[PDB]
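What's counted below: heavy atoms across the whole structure, side chains too, no hydrogens, waters or symmetry copies. Numbers restart at 1 for each chain; the letters A, B, ... are given by sequence-line order, proteins then strands.
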Amino acid sequence: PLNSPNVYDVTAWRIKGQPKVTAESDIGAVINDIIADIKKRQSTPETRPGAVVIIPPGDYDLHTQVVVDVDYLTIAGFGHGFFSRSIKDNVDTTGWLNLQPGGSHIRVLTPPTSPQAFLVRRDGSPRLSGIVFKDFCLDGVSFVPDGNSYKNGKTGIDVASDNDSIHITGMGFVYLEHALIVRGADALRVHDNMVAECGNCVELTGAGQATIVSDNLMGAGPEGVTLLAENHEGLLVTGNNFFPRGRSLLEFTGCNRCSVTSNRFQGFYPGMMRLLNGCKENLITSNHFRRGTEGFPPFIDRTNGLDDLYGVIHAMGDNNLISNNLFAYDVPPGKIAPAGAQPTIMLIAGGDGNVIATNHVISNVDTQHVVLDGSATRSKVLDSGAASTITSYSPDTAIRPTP
Amino acid sequence: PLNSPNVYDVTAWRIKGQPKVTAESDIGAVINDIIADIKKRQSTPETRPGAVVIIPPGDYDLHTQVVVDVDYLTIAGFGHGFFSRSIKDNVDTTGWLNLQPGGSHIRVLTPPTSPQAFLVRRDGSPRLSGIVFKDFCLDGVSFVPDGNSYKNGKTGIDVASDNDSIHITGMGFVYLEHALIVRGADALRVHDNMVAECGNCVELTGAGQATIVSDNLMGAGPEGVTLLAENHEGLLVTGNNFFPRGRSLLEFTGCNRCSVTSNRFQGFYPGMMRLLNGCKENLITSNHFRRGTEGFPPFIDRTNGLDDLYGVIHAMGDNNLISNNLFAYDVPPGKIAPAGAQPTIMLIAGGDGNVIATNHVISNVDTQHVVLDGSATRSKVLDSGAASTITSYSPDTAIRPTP
Amino acid sequence: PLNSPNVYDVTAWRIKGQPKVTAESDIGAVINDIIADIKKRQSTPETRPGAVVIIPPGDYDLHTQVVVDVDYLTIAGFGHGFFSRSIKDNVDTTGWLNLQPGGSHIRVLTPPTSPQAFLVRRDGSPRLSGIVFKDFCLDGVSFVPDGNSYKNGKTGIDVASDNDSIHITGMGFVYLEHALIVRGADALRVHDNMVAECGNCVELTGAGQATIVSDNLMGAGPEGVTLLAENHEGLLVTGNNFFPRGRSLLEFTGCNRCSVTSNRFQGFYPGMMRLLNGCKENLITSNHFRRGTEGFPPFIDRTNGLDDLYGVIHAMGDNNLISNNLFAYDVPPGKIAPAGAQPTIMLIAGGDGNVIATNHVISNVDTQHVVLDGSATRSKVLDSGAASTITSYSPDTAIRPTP
Ligand SMILES: OC[C@H]1O[C@@](CO)(OC[C@@]2(O[C@H]3O[C@H](CO)[C@@H](O)[C@H](O)[C@H]3O)O[C@H](CO)[C@@H](O)[C@@H]2O)[C@@H](O)[C@@H]1O
Ligand SMILES: OC[C@H]1O[C@@](CO)(OC[C@@]2(O[C@H]3O[C@H](CO)[C@@H](O)[C@H](O)[C@H]3O)O[C@H](CO)[C@@H](O)[C@@H]2O)[C@@H](O)[C@@H]1O
Ligand SMILES: OC[C@H]1O[C@@](CO)(OC[C@@]2(O[C@H]3O[C@H](CO)[C@@H](O)[C@H](O)[C@H]3O)O[C@H](CO)[C@@H](O)[C@@H]2O)[C@@H](O)[C@@H]1O
Ligand SMILES: OC[C@H]1O[C@@](CO)(OC[C@@]2(O[C@H]3O[C@H](CO)[C@@H](O)[C@H](O)[C@H]3O)O[C@H](CO)[C@@H](O)[C@@H]2O)[C@@H](O)[C@@H]1O
Ligand SMILES: OC[C@H]1O[C@@](CO)(OC[C@@]2(O[C@H]3O[C@H](CO)[C@@H](O)[C@H](O)[C@H]3O)O[C@H](CO)[C@@H](O)[C@@H]2O)[C@@H](O)[C@@H]1O
Ligand SMILES: OC[C@H]1O[C@@](CO)(OC[C@@]2(O[C@H]3O[C@H](CO)[C@@H](O)[C@H](O)[C@H]3O)O[C@H](CO)[C@@H](O)[C@@H]2O)[C@@H](O)[C@@H]1O
């Protein structure tokens, strides 16, 4: 294609010993064979610059899990190819000119025992560095037992060992139980992706440092997470548009000195944002929160099992700044739980020195803008509602009502 | 070029029976012929993954409107090719080594009766999905009758039917009366583009959901819009650098539960930001606003027809949070209208529950930081100026002066 | 490769008369010859659309400085190839599967007479427009005399003449004394790059207009800047993750009406943010600041030579809004200078009308959240700590303590 052996076209690559295998029949086998070719040529610790695998637009079945265990591998298509399988699956498609995702289109047809389309993992040192996934579509094809389960055991990309400077951009993920998982992420960027109609969208697991999640469109399923981070330090979440219907839109557990800023959140259940298990010294600011109710008939009775006293934001930990957010709550009174309760917008479940400053709430019913658990200490609530919209069971919260 | 029939090089493609029609002579006609080839091969609703059209760097005339009516079409160049035709048209260009835009350079030379270079439109179902425009230049060549009119009747890209997951990134738009129009946008991303010296930059018309406009440079013309949204919900506008000389920099009509955060706004006219016709429950926070006067001599006398009492922000609607913004106003008294007027920074023209909080205003003359119309109800003004800079004609406004 | 003479593959280009020079032996010489070919063919101000130079993944030595003096030149690889040379240089690498950066890997071996790998410079007119650097690695190979100096007199990209609409995206910079320099930057976008283990990361010098620095991962050296801007107007710095160990993370000199919003800052020294020499009317908001101490043994005793009274933010200028930020200070008392001092979080070193509002500080020791110099005039401090945490040496500071 170019005059470098480090540039591969999946539609031009022949597997020696399996001449009839195509990118169309099993792109997984083609890419595994390409990776082996790279390893045979790049044979010393000073001769491993990596390579690019090009996926032209087309429909490709992946039956064999790809194991990515080389630094500086780029897998690149020409299009994210997103299509709403959810709407397709639940309406009359008579006369429809298209019935499936496209672009650089990988249909994920992995076996139950190696279900991740791409497994990014290396035993040995150093950390896998500078791997790039961009501009292609990962499509789980169907949910089981029906299209509305958000279950199929499939993952798009699973990074399973400690990693540095991975870049995921311009991707499409659809109808995967898990779109993207990154364990032990350092200096990761999940940037300008379409991640929707997946059980779970982006799971940043184990721990991490110096990560950016920015400019993504994300929508998960009622039993799954949209964005999850575990034990992240210095995670920055900005410019994302999170829409239904994950159990949560942003879920942090043991995350400290992180920032969630300049995002839009739309959710159909309580607990759209969760700072769990002691999240300390985080900035939660300049975000738009919309709590509404399900309007797509196939999901109207679905629930994440939480009631309206849980909070739009549910925070457990110390010294978070929750400031300059707008909350627009509109849930029919017959769909609030428990019956006749005032919904809670921000729940401080516990922790020391949390500050809630300059937040505007609109609700269709009487709501507590802020409830602070009795266990909360040295809390500040500034200009986040009149006295009658703030409930402190904690005896030492300083409250300045909105004048 | 690659071993896929879904990869087209506009410079390699020949129209059978029309050998003199090339990318150079009419790239419009070439791309229409490419799209006819896609439809010929991709002939069922399960065999339409789409294609990529590659535009090498070069100068290409477009005489024939391109009709994009296939999902997952990527039109991709190698460069946005932006050049200030405005400065070129108004100074001595003796010894200049370049006089026009470049990169993947499409010169829009459309007839008055099909004036849009790209018309993205499908009568039928489903919605056009996953179309990508990236890394090329759309150049309308000249404004008439001279370069300073911002008039030529040309559009760069017009999405005229309901769409899902379209991606516009790394583009250059110059000297078009309309750069980009997207009607009925769902999950649209307008990201990291150069949209400047156009009459209008980005018009998101009719309605839309779950859209992101991020990381763009935009400058329009005195009769046109920079960013317009009509009846959008959950529009996120973040990380953009809006400069002159649009009639406005951000104009919403009937937009609800949208967010404008972490942007730079510089304008030379009143009404830089307009929330019009009942915009409700929007977040306007962490933005920098600069109101100056025209410095470029050719435009010194140009105006958008509004006076300095219209507002830097003009808001008509309910329950908006306008907080944590800086306004730098510097207009010579000789250029203020009406003469001797105290300029208004934020005008609440009407509506219920609007909150103005923690805003810093610098002005070269005495200004009212906030003016609230007599019709405004349950308004809050906090820490947005001394008492002498806040004017409420509404009797129920709660005002805390800056200490 | 494509049917355009404006598309160049560095691995396929032969220098006439120098048949032994490959992209591997001296990519600098190959790219200079490509640029000579462009100038041969593109010889009038209406025939200069530019070109793309494609760098396949691989290891390339650059001995010869590239002079970029054409508009709309795109230099594009397929990967940023980042690798921590710093960790490699300071631990036992026995059994390591990789020992250097990769992707589209340019090893910068420039002589001291021409030390910048890419010099972007045109004497003549007009300003260089629309140049794109993307998706390749600039690697200075080693620091002098050892890995921990952050000195080698090498620069990755130096834009030395006035420029418009330059785009730097998806790059990797490692082990350069200066990664990226852009002088007289107009409508520049430094977007989604890895700029790390460089003495200095991004230097925006001389002056500039309408620039965006967004979505970058940056970490510099203790004698150098991470982001520097000189005399910038309307610079937007958003969505960046700045980590150690620059002397500073953000350093402005004479920058006015700029916005630093929605970033993450981690530093190991005082003066993480410096608004020097009359920075006025700047928005510093919705940022997370973490002041810690060095944990990486080779640097434990390295300092930027500043004491803890310098400030996490050091501000010399008028009418800045420093608002809605979180500061997490944790420095062992034995590492605070001078001994027994209260660290300063925000120092107003001088200037008129600065506003400090809605900032949350956590420290391990007694700290002054805000100190205002004797020279500070008409300062305002709101809800940024108790009265005992605010020091005004100035007699005219209006102070509202956190309730
Ligand atoms: O994860 C970020 C980054 O840290 C490195 C070391 O610099 O890895 C540390 C590691 O562990 C941490 O997390 C585990 C589980 O919470 C905890 O037990 C340990 O004390 C922490 O240091 O992070 C991953 C993810 O859990 C682990 O595999 C690893 O031990 C680096 O390798 C990594 O990129
Ligand atoms: O709600 C988001 C969630 O639902 C999915 C379908 O399973 O998408 C629906 C959608 O929005 C609409 O919801 C209904 C269904 O058509 C409609 O009446 C309403 O007007 C829409 O807002 O979500 C996006 C916008 O957020 C639309 O493109 C789409 O119609 C699923 O994709 C998503 O995760
Ligand atoms: O206001 C931006 C608007 O003007 C255009 C030209 O039509 O930009 C011109 C530009 O520079 C010129 O004008 C400035 C003063 O406004 C003057 O200092 C300079 O000498 C002129 O060349 O204006 C900004 C402001 O400095 C510059 O970025 C730009 O070069 C147009 O592109 C834009 O929409
Ligand atoms: O840099 C922004 C933009 O401005 C232009 C003119 O529109 O260049 C002006 C220029 O000078 C300015 O900065 C110098 C030094 O601070 C100052 O003396 C002068 O008064 C300013 O106008 O900016 C560069 C960088 O310093 C100079 O080379 C140039 O004279 C435009 O060319 C440039 O893109
Ligand atoms: O502090 C950032 C600075 O240090 C460099 C190496 O010179 O990177 C280190 C690194 O992180 C850590 O510091 C220690 C040593 O590894 C570790 O204990 C701690 O957990 C990390 O913070 O920086 C990034 C993230 O900040 C990690 O991937 C990396 O290990 C250098 O790259 C950087 O400029
Ligand atoms: O600029 C801060 C930097 O300067 C040092 C001295 O090297 O601190 C001096 C200090 O105080 C003096 O500053 C002002 C006069 O401008 C006045 O408040 C005081 O009386 C002076 O003696 O500067 C700040 C106030 O601006 C004080 O906290 C500090 O003591 C150095 O320690 C510091 O890093």
(message) Tell me whether B/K380 at atom NZ has more than 12 heavy atoms from other residues, nucleotides or ligands lying less than 6.0 Å away.
(response)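 Check passes, neighbour count above 12.
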(request) Start with the C-alpha gap between B/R400 and A/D383, add the side-chain angles, then the distance that decides, and say whether side chain to side chain contact (heavy atoms under 4.5 Å, CB included) holds. (result) CA-CA 11 Å; B/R400 183 170 71 227; A/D383 308 323; 2.7 Å; yes
(request) Apply the test side chain to side chain contact (heavy atoms under 4.5 Å, CB included) to residues A/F82 and B/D164: give CA-CA distance (whole Å), side-chain angles for both, the deciding distance (0.1 Å), then the verdict. (result) CA-CA 8 Å; A/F82 185 90; B/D164 191 29; 3.7 Å; yes
So [Y] and [X], do their side chains get closer than 4.5 Å, heavy atoms only?
X	Y	result
B/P126	A/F83	yes
A/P403	B/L382	yes
A/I87	B/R127	yes
B/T285	A/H360	no

What option among [options] has the most heavy-atom pairs under 4.5 Å with chain B?
options	value
A/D215, A/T358, A/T261	A/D215
A/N193, A/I54, A/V361	A/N193
A/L217, A/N240, A/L97	A/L97
A/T93, A/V10, A/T11	A/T11

(message) If only side-chain N and O atoms count, and only distance matters, is there a donor-acceptor pair under 3.5 Å linking A/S286 with B/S286?
(response)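 A donor-acceptor contact under 3.5 Å links the two side chains.
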Is chain A contacted by the side chain of [X], its backbone, both, or neither, given a heavy-atom distance below 4.5 Å?
X	value
B/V52	both
B/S214	side chain
B/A210	both
B/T238	side chain

(message) Below 4.5 Å, heavy-atom pairs only: which of B/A51, B/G124, B/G234, B/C258 has the largest tally toward chain A?
(response)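 Result: the option with the highest number of such pairs is B/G234.
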(message) Shorter than 4.5 Å, heavy atoms on both sides: which option in B/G130, B/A398, B/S165 has the most such pairs with chain A?
(response)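 Top count of heavy-atom pairs under 4.5 Å with chain A: B/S165.
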(message) If I measure from the heavy atoms of chain B, does A/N216 come under 4.5 Å with its side chain, its backbone, both, or neither?
(response)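 The backbone, not the side chain.
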(request) Below 4.5 Å from any heavy atom of chain B, which atoms of A/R290 appear? Answer side chain, backbone, both or neither. (result)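 The side chain, not the backbone.
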(request) Please report the C-alpha distance between B/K134 and A/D135 in whole Å, then the side-chain angles of each, then the deciding distance to 0.1 Å, and finally whether the salt bridge (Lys or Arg N to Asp or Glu O under 4.0 Å) criterion is met. (result) CA-CA 12 Å; B/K134 63 187 207 185; A/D135 301 329; 3.7 Å; yes
In Å and rounded to the nearest 0.5 Å, what is the [atom1] to [atom2] distance from [X] to [Y]?
X	Y	atom1	atom2	value
B/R189	A/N241	CZ	CG	10.5 Å
B/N320	A/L326	CG	CG	8.0 Å
B/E233	A/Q266	CD	CD	6.5 Å
A/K88	B/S129	NZ	OG	13.0 Å
A/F265	B/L236	CZ	CG	10.0 Å

[X] and [Y]: which non-hydrogen atoms are nearest, and at how many Å?
X	Y	result
A/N287	B/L283	O-CD2, 3.3 Å
A/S262	B/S262	OG-OG, 2.7 Å
B/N6	A/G58	ND2-CA, 3.9 Å
B/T74	A/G79	OG1-CA, 4.0 Å
A/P56	B/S4	CB-CB, 3.4 Å
A/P1	B/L2	CB-CD2, 4.3 Å

(message) Quick one: does any side-chain atom of A/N98 pair with a main-chain N or O of B/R48 as donor and acceptor, under 3.5 Å?
(response)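 It does hold such a pair.
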(request) Verify, without hydrogens or angle tests, whether A/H80 (side chain) and B/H167 (backbone) share a donor-acceptor contact under 3.5 angstrom. (result)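 No; zero donor-acceptor contacts below 3.5 Å.
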